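So this first bit is one chain, no partners, the form deposited in one PDB entry, shown in structure tokens.
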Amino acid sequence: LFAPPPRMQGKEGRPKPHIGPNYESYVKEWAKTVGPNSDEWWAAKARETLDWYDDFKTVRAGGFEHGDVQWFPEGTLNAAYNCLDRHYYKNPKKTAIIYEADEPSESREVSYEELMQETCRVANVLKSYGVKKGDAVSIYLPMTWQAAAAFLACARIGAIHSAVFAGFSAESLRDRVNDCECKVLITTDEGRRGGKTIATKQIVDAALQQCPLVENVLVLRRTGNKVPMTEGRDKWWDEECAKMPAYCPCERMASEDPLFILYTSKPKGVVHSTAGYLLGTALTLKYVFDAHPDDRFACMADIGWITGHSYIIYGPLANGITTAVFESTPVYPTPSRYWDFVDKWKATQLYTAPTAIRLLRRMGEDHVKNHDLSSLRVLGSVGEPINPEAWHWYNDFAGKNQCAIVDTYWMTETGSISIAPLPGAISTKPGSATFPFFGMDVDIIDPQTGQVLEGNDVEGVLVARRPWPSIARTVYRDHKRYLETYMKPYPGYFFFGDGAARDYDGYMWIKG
């Protein structure tokens, strides 16, 4: 058992945590988000967190049985307005994105004004291409800052953006593009990762050789090298954006209008809504990572996954804080890249994967010992349960026994973090996700009998009793597959698909 460190207790000049200082406060706050009278809490949080064009009347409706979950159905809003405009109107010169390029000398800060102008130009280009509200736009982009714009531009005009990981081959890209039935694709000529060149344009051409519906391609000049260009179909990002105004009006979108499609690695196109997903990600980033207005969040993931969707673009920007876009690899040029970045930009939170931590552990302790890293307050892990060795190395070297280790468990269909300790309230056990988040009422079911186990020291499958705002709403044009995968195995519950155990203290352990 590791109590919260002094940095997370509001000492040494650090901001006081939102929830604390013990387990009782967390349980008192969490009891309001579930059960009989959670509607008032969720309505207050929704009206406090987001800006609405039209206010809503009903809080929640629907259920698991037919996949008709609804949250704030009567309200209208826009994700791009909540992530860009309302922050640009308040502090245009505040930094929104710290772009850590592949080569450290090319790193620079991007202000909210610059990101908003780029987003508006891209949205104008998309509208000129004929993209309407509810259309699909494919995005095949590497980890550059403009990718964020390419996301928000879609959310600005009501288009549904489908991100494809830049490392995917031509076949997977073709499958996802064909399934989403998009007509516009946004990509780069080449990408740069770890000193290596990714031929994104060549793969895009190979895939589009079998994609009849794609008519317009927008190519970003990331490196400026010679790449083939098909006349008429493909146009340069900069040349097209130079013709458009730096502002574009925001479409007024219903809360249940789809925001993006994310294909799981026939692929499942997971669909998320606008208001519920945005509210869930904003609340999770604010509370689980104890984000504050002047914080500098750093998530070392890729925008082609749900982690990059939630905790690089939508989450941090909805809160109006600085987020980091990291393009390199953890061991380029030297295995000290992460700590050099942290010391260079004074990052306050860090969010990486267990694999990177294990690789850095195998690389030695002569790349972390001589680093300051005093700005960090929270160290997070995402993707797999962490083993004690990596957890302790993370606590001892990355945090210098002074940062809270937040091990989070979630998946693409939950939208945001489901189970994770609150850094200012929960004492952490190495390798445990501890307790569920707001709006999440999870339990353990016997797989053989289907009944719900009661008490502590139990083990079974992990299920959720009631829907939460950021839950996935459907699988794109395959709702029957959605119901079969998530609702049919255990009626009345949402099936995560992972085993879970509850120890004597009530902590939840996820089995790999």
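Residues carry their position along the shown sequence, with the first being 1.
There is another form of this protein, the form deposited with a small molecule bound, and it is not shown here; the text below is about that form.
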Fill in the blank from the handout: Heavy atom within 4.5 Å of the small molecule in the deposited complex, from candidates 138, 82, 119, 408, belongs to 408
Exercise for the section: With the small molecule left out of view, choose which of 295, 189, 327, 413 has a non-hydrogen atom within 4.5 angstroms of it in the deposited complex. Expected result: 413
Exercise for the section: With heavy atoms only and a cut-off of 4.5 Å, decide whether residue 436 touches the small molecule in the deposited complex. Expected result: no
Exercise for the section: Considering only heavy atoms, tell me if residue 307 and the small molecule come within 4.5 Å of each other in the deposited complex. Expected result: yes
Exercise for the section: Could you confirm whether residue 498 comes within 4.5 Å of the small molecule in the deposited complex, counting heavy atoms only? Expected result: yes
Problem - 4.5 Å heavy atom contact, residue 385 to the small molecule in the deposited complex - result: yes
Exercise for the section: Choose one stretch from 156 to 164, 377 to 385, 69 to 77, 221 to 229: the one whose residues place a heavy atom within 4.5 angstroms of the small molecule in the deposited complex. Expected result: 377 to 385
